[PDB]
């Protein structure tokens, strides 16, 4: 399987020093780095065939259009959507989720209805619902969490009722590392006459996504977390639902006929793509998909499980470190050192060239659920090694000793 040496060789950003130490990048959950395959995809686009897409009759226009639509097809296959009509390019998971809230939620919520979310949700998958319920007179409800930060199926069945129209849930928590039971949740949503909206920004880079097997109604993901360019992402939605949603934005490219006062929309998926699209980013997202598929997502998953187990074990041998979340997890650990603020922790680590995140990780309610003000988080991806976990743990030990002499 994965030869970590050969994998790392393809990411130029990894081969540099920070404060006279080799960079130890453990912040992939905030954003991922890019292989040469992707950056060269951007280069070749701008060097050889940049042009507008679709409305066009010249040679470079054809190449640019074939690239953009070919990337759509790669995304469809990547997440196993039935049809290209169901894949929409957006600016990111945030925009994607907002599109569902603006076009779907505001047309299918009346008073008495419920949107059901989770305590562990990223802000992206909280605030749109907050705004949507307030616009429609509906109600926001939270599925409780178990001790270990996982969700039980019973608590979903208890929280979801016949009044629920929407359940929104992250596939993988970016703080707790939990893999939520999305398939089973989709079934409970369907049994109560609701749709399910899946925030997959944290699952899609690290595990295989099959939207048909998941039977999720909407699925959102961000290119920048999966070795892709910044500024692009995907909204998947079942075709039948997209057919009856109005566009979230209006302008060129998404229209068919424009009169002075009224207009008709293009067919799916172009219905939802107003204006000159994210041409190079979408092509580069397609190149990131090719790269990840050649390695294999099951292989990426196995690598991260091995790093997560190794990290956990080494962290239990460290006294005075609390890790949050369950045993079985994705490739991240959020933690605190007792009596050392996480800003101090991150400063010491960055002085040893180690990059982690400190703060609330865009999950403030989760922080309050954990009874913590802030946390530190190391996250792993296909280019991280056991050696880097050793550096992290040794730096945490130095941090401990440094503040308590």
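Positions refer to the first chain, counted from 1.
The question of which stretch, 320-328 or 121-129, has the higher mean Cα B factor is settled in favour of 320-328. When the two stretches 140-148 and 268-276 are set side by side, the higher mean Cα temperature factor goes to 140-148.
Across the residues 204, 263, 230, 170, the deposited record lists the maximum Cα B factor for 263. Looking only at 379, 41, 373, 33, the residue with the top Cα B factor in the deposited structure is 373. The deposited CA B-factor of residue 83 belongs to the middle third of values across its chain. In the PDB entry, residue 360 places in the middle third of its chain by CA B-factor. Ranked against the other modelled residues of its chain, the C-alpha B-factor of residue 337 as given in the entry falls in the highest third. Per-chain ranking of the deposited C-alpha B factor places residue 27 in the lowest third. The entry lists a Cα temperature factor for residue 112 that places it in the highest third of the chain's modelled residues.
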